[PDB]
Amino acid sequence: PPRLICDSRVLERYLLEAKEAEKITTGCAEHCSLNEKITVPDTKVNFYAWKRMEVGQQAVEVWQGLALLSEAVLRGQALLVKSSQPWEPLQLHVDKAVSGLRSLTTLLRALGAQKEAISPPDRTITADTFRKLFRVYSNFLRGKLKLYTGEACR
């Protein structure tokens, strides 16, 4: 009966991975270009509204967000495979992400992020680089994700 996502630590692992995802893509030069948009979710939080939102209402923002991201990483790993010279370093991180989201998308489905989604209630950004994909990555993770799980973890 574990709603695992709640154990602060269990989640912290990913946030800290992305910190590494970033910390590497920065020292990255031209070999971090995507050569394509790659639509990622909007990671900016405005507390004077979020605080005003409701779990359920946030949840969606998150579920949809996670999804879209997950589509990206794949699309990233992808464009990265067929690549001639796949910056090995980049490789690994691109992968951990792929899996991280997989495990996460699950732990959320737990809390009820999906059920609290397709419930008819009452953005575009694009990474032309990896350096940014990861930036946008963690920013959503520790950003909106981390901020939701909390209130929702009761």
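The first residue of the sequence shown is number 1, and the count goes up from there.
*Asks:* With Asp122 and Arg123 adjacent in the shown sequence, let me know how many deposited residues between them lack coordinates: none, 1 to 3, 4 to 9, or 10 or more.
*Replies:* Per the deposited record, the segment joining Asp122 and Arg123 lacks coordinates for 4 to 9 residues.
*Asks:* Per the record, averaged over C-alpha atoms, which has the higher B-factor: 24-32 or 87-95?
*Replies:* For C-alpha atoms only, the mean B-factor is higher in 24-32.
*Asks:* Would you determine, from the values in the PDB entry, which of 145-153 and 2-10 has the greater average C-alpha temperature factor?
*Replies:* So the stretch with the higher mean C-alpha B-factor is 2-10.
*Asks:* Of the choices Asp42, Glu61, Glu54, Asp128, which one's C-alpha carries the largest B-factor in the record?
*Replies:* Spelled out: the listed residue with the top C-alpha B-factor is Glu54.
*Asks:* So if I compare the CA B-factors in the entry for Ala49, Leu66, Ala117, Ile38, which one is the largest?
*Replies:* Largest recorded C-alpha B-factor: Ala117.
*Asks:* Among the modelled residues of its chain, does the C-alpha B-factor of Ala78 lie in the lowest, middle or highest third?
*Replies:* Within its chain, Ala78 is a middle-third residue by C-alpha B-factor, going by the deposited values.
*Asks:* For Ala113, return the chain-relative third of its C-alpha B-factor as stated in the PDB record: lowest, middle or highest.
*Replies:* For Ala113, whose C-alpha B-factor we compare with every modelled residue in the chain, the answer is the highest third.
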